[PDB]
Every structure is written in structure tokens, then in C-alpha cells.
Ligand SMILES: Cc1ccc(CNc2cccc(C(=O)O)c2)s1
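First, one chain by itself: the form deposited without the named molecule, in C-alpha cells.
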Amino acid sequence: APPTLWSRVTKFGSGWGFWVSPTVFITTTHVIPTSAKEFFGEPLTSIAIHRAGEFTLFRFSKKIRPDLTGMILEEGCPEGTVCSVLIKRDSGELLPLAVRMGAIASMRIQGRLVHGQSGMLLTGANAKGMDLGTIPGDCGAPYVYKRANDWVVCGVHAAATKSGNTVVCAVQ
């Protein structure tokens, strides 16, 4: 994945989020610190929040990331699309986990109720563990895919089954 996509992935709360443009930041609702009253030097009064279940979008009053161009945010992706989940790991390592996307789903995972676009990891027989699959600290990482002439972002990482291949992408 191009370096401009990795540069958008930002350590945030108990996981990650992703800069869509200089003023727009998306993340997984449950990684947001509940006590927080300031983000990137802006008080909550200067920020518009758009939330659908595990999807949260922040719109800032001023350019926070003026080095970036706005890119395309889709509401999920077509059934059968292969995405990469852009996960940052121990020691500046970059782990773009291949995922085939499927249906909109509601599931119970580790006792929590989750809703978004389901997918299956294409990394191994089972993705149990940190070498082939996801860990809790990966939530908020972006789902991206390559088209003929550009890259699209279509959601953020919300949940994964243990001893499985199944993931849930939260979508706008």
C-alpha cells in the first residue's frame, strides 16, 4: 500500500484512526477515550461528531493534517472485493492483512454485539494469533482497496472472532 495511506494511520485511544482529509478523521467508536475533552489541540466544542454504531467520524474546524489530500470514503465495498487492513505492529512494522469482504452482518463476538461489513482473512487456514491475524489493539485500522487508478477507504476495524478468519469492518 502506498506511503500516503500508512501516513494517515494514527495511534488513537486504545487503537487507531485514519485521516480521510486534512479536516476528517474516522475511527472505531469503542477505542475513543470516554473522558477526553480535547483532540489534536481542538476542544470538543470545535468538532462535529457523526456516529453510526461502531463507526465514528470527526470533522474539525481547522486543517489538522494540511500535508494530506482528501480521498474517497465509500460505505463499505461490493461483495467479493479483496481489501487490505492497514495494521501497525511492534518496531515500525506494517502488516497489510488481506481480507475478502462479504455481507452486512450482526454478530456476538467475545460477548459484545457488533454490526458492520463482514469479511474473511486470506492469511492462513485459521488467523489465530498475532503473526497471521488481528489483536484487540488493532481496532480502528482502515480497510482499503485498489481500483484501476486509485485507492478507496471503506471502513475501520471493529472486531474479530478468536480461532477464526472472520472480521467486522464498521461502515459509514
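All residue numbers refer to positions in the sequence shown, first residue = 1.
If you look for the form solved in complex with the named molecule, you will not find it shown, but the lines that follow are about it.
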(message) If I superpose the C-alphas around the site and drop in the named molecule as it sits in the deposited complex, do 3 or more of its atoms land within 2.4 Å of a backbone or C-beta atom here, i.e. is the pocket blocked or open?
(response) open
(message) Just checking whether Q110 would be counted as a contact of the named molecule in the deposited complex - the rule being heavy atoms within 4.5 angstroms.
(response) yes
(request) May I ask you to state whether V156 is within 4.5 Å of the named molecule in the deposited complex, using heavy atom distances? (result) no
(request) Report yes if any heavy atom of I104 sits within 4.5 Å of a heavy atom of the named molecule in the deposited complex; otherwise report no. (result) no
(message) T134 versus the named molecule, in the deposited complex: is there a non-hydrogen atom within 4.5 Å?
(response) yes
(request) Scan 139 to 172 and write down, in order along the chain, each residue with a heavy atom lying within 4.5 Å of the named molecule in the deposited complex. (result) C139, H157, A158, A159, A160, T161, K162
